[PDB]
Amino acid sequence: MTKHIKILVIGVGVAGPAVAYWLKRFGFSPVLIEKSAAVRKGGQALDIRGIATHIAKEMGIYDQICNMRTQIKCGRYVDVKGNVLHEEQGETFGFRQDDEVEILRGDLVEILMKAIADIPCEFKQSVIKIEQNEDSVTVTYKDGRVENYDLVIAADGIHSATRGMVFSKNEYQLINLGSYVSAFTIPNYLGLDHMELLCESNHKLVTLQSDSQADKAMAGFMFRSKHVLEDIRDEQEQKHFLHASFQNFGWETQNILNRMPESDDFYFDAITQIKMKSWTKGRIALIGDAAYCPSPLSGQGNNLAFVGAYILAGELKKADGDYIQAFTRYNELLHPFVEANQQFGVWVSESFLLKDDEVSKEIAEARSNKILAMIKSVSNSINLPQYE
């Protein structure tokens, strides 16, 4: 029976635990593995907007998410001289409304994992090889141990090892949106109180906020650049490049960058999207960022993870475990919605910053209202199936 179908879920993030939840609810018996030793606390703030709120509520975790929601009360667009150009309430500032909510990744994963306390999960575990045939998927773990599964669903992030193991370069694209993003935590030296500041130029943007940790502040950087690092993963090159890229930005960048060396959670990466004609091959399926990362410029990453988890789990249910039918339905039903949200991400990367003009209240206000309207449109641009 479906209960006895062996399903491996790789990755304890959003999509992995989410699909595990729905698989378990729909009468399957998934297992989780995780390369990290444990769920990393805090981290990047994630939006739950559009369809994802409905799914979150059905999962019975919505109130828990709200209890752990970010609490920015005020967001401000400021010029390099510190003057306020445009101010908005926190949710509106984050282009959210209605029942939509923002939460730090670590807080959400913790809630997700509590919702699946029954499902087996193994941390500090990694797959080093995958081979499949018509009957089974043979998984080789780090220590050389082998296990066979009926299905493997990989939710191991944008830099998916599984994607590289299973798919060829002709079967997926790494779409570069021509910009870099960086972030790190520093002492709240300005003494911000549940407030975010945002300064921008023609090709660059800098944010600074404090929220749940009163004596800490999260710095953010975004900028367009055709420059390519000799080693994009070299953290020292990343910092030199970031410092050099913003050396004439003004405002608080000097004060932020002076504190960058002592920050312990430094992050830097190109803004990228994953585009695949098919997220599946045989008995293996990709989900979440591994399959269709819309990049942070979209604000849809979480939304796509939840919807994907629901649909893939659902189609497997209706197919009574028949993965060939389910994976086809998974690809067909979800691609337009994914492509819609990715294109919104592409649009943001091309048009958010003003290439020729300086920003003002009217621009920031008009741009904000437009993004709020457009994001609401795309995030709800799917008629979700009802598998129950």
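Position 1 is the first residue in the sequence shown; the rest follow in order.
As listed in the deposited structure, the average C-alpha B-factor of 125-133 and of 266-274 is greater for 125-133. Averaged over Cα atoms, the B-factor as recorded in the entry is higher for 352-360 than for the other of 352-360 and 322-330. Within the listed group 83, 207, 280, 225, the record reports its top CA B-factor for 225. The entry lists C-alpha B-factors for 194, 76, 145, 216, and the highest of these is at 145. When the CA B factors of the chain's modelled residues are split into thirds, the value for residue 154 lands in the lowest one. Per the deposited record, the Cα B-factor of residue 120 falls in the highest third when ranked against the other modelled residues of its chain.
In the PDB entry, residue 70 places in the middle third of its chain by CA B-factor. Per-chain ranking of the deposited C-alpha B factor places residue 200 in the middle third. Sorting the modelled residues of the chain by their CA temperature factor places residue 343 in the middle third.
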